[PDB]
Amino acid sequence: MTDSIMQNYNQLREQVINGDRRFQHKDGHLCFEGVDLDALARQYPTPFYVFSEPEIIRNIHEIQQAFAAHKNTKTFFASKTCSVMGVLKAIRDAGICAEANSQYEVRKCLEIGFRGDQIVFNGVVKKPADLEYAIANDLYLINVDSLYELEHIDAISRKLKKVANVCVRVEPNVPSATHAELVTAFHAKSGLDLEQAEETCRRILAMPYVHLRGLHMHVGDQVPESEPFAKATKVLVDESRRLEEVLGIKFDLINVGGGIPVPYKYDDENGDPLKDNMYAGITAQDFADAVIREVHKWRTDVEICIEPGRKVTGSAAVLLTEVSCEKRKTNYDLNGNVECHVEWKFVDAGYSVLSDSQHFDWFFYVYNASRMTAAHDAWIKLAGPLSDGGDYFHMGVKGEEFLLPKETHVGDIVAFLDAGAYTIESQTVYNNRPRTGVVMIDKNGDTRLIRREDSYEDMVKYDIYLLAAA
């Protein structure tokens, strides 16, 4: 079976450079929208991320095509997924809107060109200063998370004499087959209890500068099944319908959140999405079909807002990291007898550069971009440069082991695929390694830097100290 695993992985390798809309090969190198990534990793210092604006556009089209059966849909990119300004601008250019989770996320969306009526503000903590900024900028929605926050919205909206447009976020009591930390609709810190929606909405109606637009929920992240979306949307729809009758109102909209999964493992025939959510399980079309069906049982004219994040960018980046050292190690037992030997390959990216590979057991395809057409036929362990004993990549092809060509040598470029969601803002300067540069491939296939690597002077500029040596 360990040869079949190896055989299967190289079947996947050949699929990347043969039937993948993102990738080709040239001179034995992995290519991304026609850009030789080996050559690219010689022009910029590794490790760095390369994003594909073509692939962002493709993903966005998939999301929008998915909702064709409901004309009045509004799509808000969850900027928490990636808020590099060049990536935000590409998403604005593609024609959808923006969702933000903090005052500075709202500000950067405004700065990059999203209008206030293109921005939704989510979050379990919106301090008075955050609310005042949001209300002064005529945000499309502030998705109210608590009665405490609502009291501030009432007072600040009156103070500003500006209408605050709100959804009431409710927990629909719907679990999902994703990471425990990634469920947000079941025993959650976020949202009001469903039971509190009625009186909350009633009070918003009486508030002169707070305009109730609808109800909000968000199921979770990387949800690999359509049923949670159907169940949760039904809860929201049923309460929306009931409140319309009870309160004598007509809701502008309903906001069903995000959570469309992205494939991080592609050989679906070998995977069970309900046991391993690296298998996506559903497409954007399944998500749309589930949401739209439930909403249409209530109104076909109401506006549906969605908040996809991961799906917009997840598949649209690659992490490029150079093999920087190598060693063979012996593993002994407690009495000093050999157990095995381990071929360690060290790349210049650790978990401070790719957080979820460590902290959320996230799988990304790993290939030798310099030897993309070579058989990946050696079992190796892939370590980062950090001090932590545990800074190596545990989510291997088999156990903690990866497959690379037996010819791999120091200086080869290793590529992590599907590296575009939740990979940039989560970086650290642990061990004072810099956070990575970020390169963008535009619609013409041309590359440019859209974020610099942190410089040394960046490592210290935040500190206040007396310099001792120049």
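Throughout, we count residues from 1 along the sequence that is shown.
In the PDB record, does 350-358 or 333-341 carry the higher mean Cα temperature factor?
Result of the comparison: 333-341.
Of 162-170 and 375-383, which one has the bigger average CA B-factor?
Mean B over CA atoms: larger for 375-383.
Quiz for you: based on the deposited Cα B-factor, which of 233, 370, 240, 102 is highest?
Each of 233, 370, 240, 102 was compared by C-alpha B-factor; the highest is 370.
If you check the C-alpha B-factor for each of 196, 176, 300, 75 in the entry, which is highest?
It is 176.
Which third, lowest, middle or highest, does the CA B-factor of residue 308 fall in along this chain?
For residue 308, the deposited C-alpha B-factor lands in the lowest third.
Divide the modelled residues of the chain into thirds by Cα B-factor and specify which third, lowest, middle or highest, holds residue 203.
According to the entry, residue 203 has a C-alpha B-factor in the chain's highest third.
Among the modelled residues of its chain, does the C-alpha B-factor of residue 461 lie in the lowest, middle or highest third?
Answer is lowest: the recorded C-alpha B-factor places it there.
By the recorded C-alpha temperature factor, relative to the other modelled residues in its chain, which third is residue 270 in?
According to the entry, residue 270 has a C-alpha B-factor in the chain's highest third.
Using the B-factors in the PDB entry, rank residue 121's C-alpha atom against the chain and give the third, lowest, middle or highest.
Lowest third of the chain for residue 121's C-alpha B-factor.
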